[PDB]
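Notes for the one structure printed next.
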Amino acid sequence: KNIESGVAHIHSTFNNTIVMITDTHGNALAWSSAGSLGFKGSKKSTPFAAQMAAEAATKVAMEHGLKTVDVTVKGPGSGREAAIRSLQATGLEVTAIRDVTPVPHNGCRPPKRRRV
RNA sequence: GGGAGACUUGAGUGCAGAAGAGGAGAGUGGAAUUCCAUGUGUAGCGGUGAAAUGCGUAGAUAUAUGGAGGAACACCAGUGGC
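Numbering (PDB author numbering), first residue to last: 14 to 129.
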């Protein structure tokens with residue numbers, strides 16, 4: 014009901030950006046996404062949409078009561094820095110930022126190339 | 001070319017060293033994917049040139065802790081080696 018420290022996950026792909034604010038233990042608190050802000054198609058991938066999604070999610074998280082957050086950037090999307098700055102501006106104290114883009118150690122075979 | 005010898009340079013052995021993803025067998029490690037279980041959580045997620053099919057309120061995606069199992073071995077890595 015009331016929290017002080019939490020985590021903000023920024024999953025930004027080539028299509029859409031999702032921002033998920035949880036407690037420091039990962040229990041979800043609030044989340045938003047360019048798709049949930051009405052953006053569609055290519056617009057969802059734009060840095061601006063990442064900014065807006067971060068903004069809305071920060072509002073709800075702070076409304077729940079939350080000051081400091083640590084950010085995890087995932088995916089090769091473009092809106093990462095826009096989302097980070099949106100969090101700061103909306104008020105949350107970005108304590109730390111880490112890149113968690115999964116990197117298979119070879120592992121599973123990726124899908125084929127396009128247009129072949 | 002044949003026959004009887006001689007020789008050590010080719011060829012091989014001995015002796016002393018060097019490198020290596022060479023092969024075969026038995027084990028074994030971590031990342032990641034998927035699935036399964038359980039929390040949180042809510043309306044999207046995913047995808048394209050643009051869309052739709054599809055998955056999702058029977059609670060999805062995300063997210064956290066685990067579990068299962070399979071395949072391939074990131075960085076090293078290099079007209080590098082064998």
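Note that beta-carbon positions come from the ideal geometry of N, C-alpha and C, so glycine has one too.
- In the DSSP assignment, residue 87 falls within the beta strand (DSSP E) that extends over 81–87.
- The straight-line gap separating the alpha-carbon atoms of residue 22 and residue 95 is approximately 14 Å.
- Counting only runs of 3+ residues, no beta strand (DSSP E) is found wholly inside the segment 51–83.
- Secondary structure of residue 17 (DSSP, three-state): coil.
- Residue 129 is positioned such that its CB atom lies no closer than 7 Å to that of residue 85.
- With a contact defined as Cβ atoms closer than 8 Å, residue 69 and residue 100 miss out at about 11 Å.
- Residue pairing by DSSP leaves residue 97 without any beta bridge partner.
- Closest option to residue 87, judged by alpha-carbon separation, among 31, 15 and 18: 31.
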